[PDB]
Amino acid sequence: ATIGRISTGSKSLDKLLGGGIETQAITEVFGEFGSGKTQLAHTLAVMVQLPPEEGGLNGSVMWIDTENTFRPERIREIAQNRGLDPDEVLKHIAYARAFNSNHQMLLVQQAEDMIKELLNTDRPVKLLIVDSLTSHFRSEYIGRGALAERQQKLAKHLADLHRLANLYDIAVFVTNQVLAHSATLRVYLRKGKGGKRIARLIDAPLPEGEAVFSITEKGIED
């Protein structure tokens, strides 16, 4: 399948990304608390449901939430301000809370069942969010080595996510609060002056430069 691209809602961020986040890829956003990672997730969960002429893929969403940060209210706000029916947008997001890192891992296998169900329908899964990818792993496991449980488990988790992205033509979007080179694409996000958010690609020798955007009632915008 050709690579599809989901607009972020910001023309600046989209240009930085070459049109939007890609299917058959893991895009990892990382940054400090308050940098807008979860806002970008909420925005993408709406944007992907738009038709391609408006920057979406007419797609469904699956969302694995490890910090209790998914907000249906925020989805409804973004949806109505982007011309969609909030009821429909919520209906096409399949949501699960991950209890711990082991449950988070199992949820990826659970997700595959519904990805297969929807694969040849009018609304296939096009976006899988894991927010936060790493919070449970960092809380539960202390050791840094390749042989340590944290790395072994996270490596398997990331390989599982990769597999889904490429097998089923899905954009996988994950967040990480500040191994490191696993994601197809790493984006560093920070909060700058006047509530502006600034994005930079990390180790992607794609456009040099930085995107700037705002958090608004439309999710994100220039």
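Residue positions are given as counts along the sequence shown, with the first one as 1.
**Student:** Do any residues of the deposited sequence lie unmodelled between residue 178 and residue 179, and which range holds their number: none, 1 to 3, 4 to 9, or 10 or more?
**Tutor:** Per the record, 4 to 9 deposited residues are absent between residue 178 and residue 179.
**Student:** Which fits the stretch between residue 205 and residue 206: none, 1 to 3, 4 to 9, or 10 or more deposited residues lacking coordinates?
**Tutor:** The entry has a short gap there, with 1 to 3 residues left out between residue 205 and residue 206.
**Student:** Averaging the C-alpha B factors as listed in the entry, name the stretch that ends up higher: 11 to 19 or 206 to 214.
**Tutor:** Averaged over C-alpha atoms, the B-factors run higher in 206 to 214.
**Student:** 124 to 132 versus 74 to 82: which one carries the higher mean Cα B factor per the record?
**Tutor:** Stretch with the greater average CA B-factor: 74 to 82.
**Student:** In terms of CA temperature factor as recorded, identify the highest of 169, 53, 65, 160.
**Tutor:** It is 53.
**Student:** By the entry's C-alpha temperature factors, tell me which of 35, 27, 182, 60 sits highest.
**Tutor:** Answer, based on the entry's C-alpha B-factors: 182.
**Student:** So where's residue 144 on the chain's Cα temperature factor ranking, which third?
**Tutor:** CA B-factor rank for residue 144: highest third.
**Student:** What third of the chain, by the recorded C-alpha B-factor, contains residue 193?
**Tutor:** It falls in the top third of the chain.
**Student:** Can you tell me which third, lowest, middle or highest, the CA B-factor of residue 92 falls into for its chain?
**Tutor:** As the PDB entry reports it, the C-alpha B-factor of residue 92 lands in the lowest third of its chain.
**Student:** Which third of the chain does residue 119 land in by C-alpha B-factor: lowest, middle or highest?
**Tutor:** Tercile = highest for this residue's CA B-factor.
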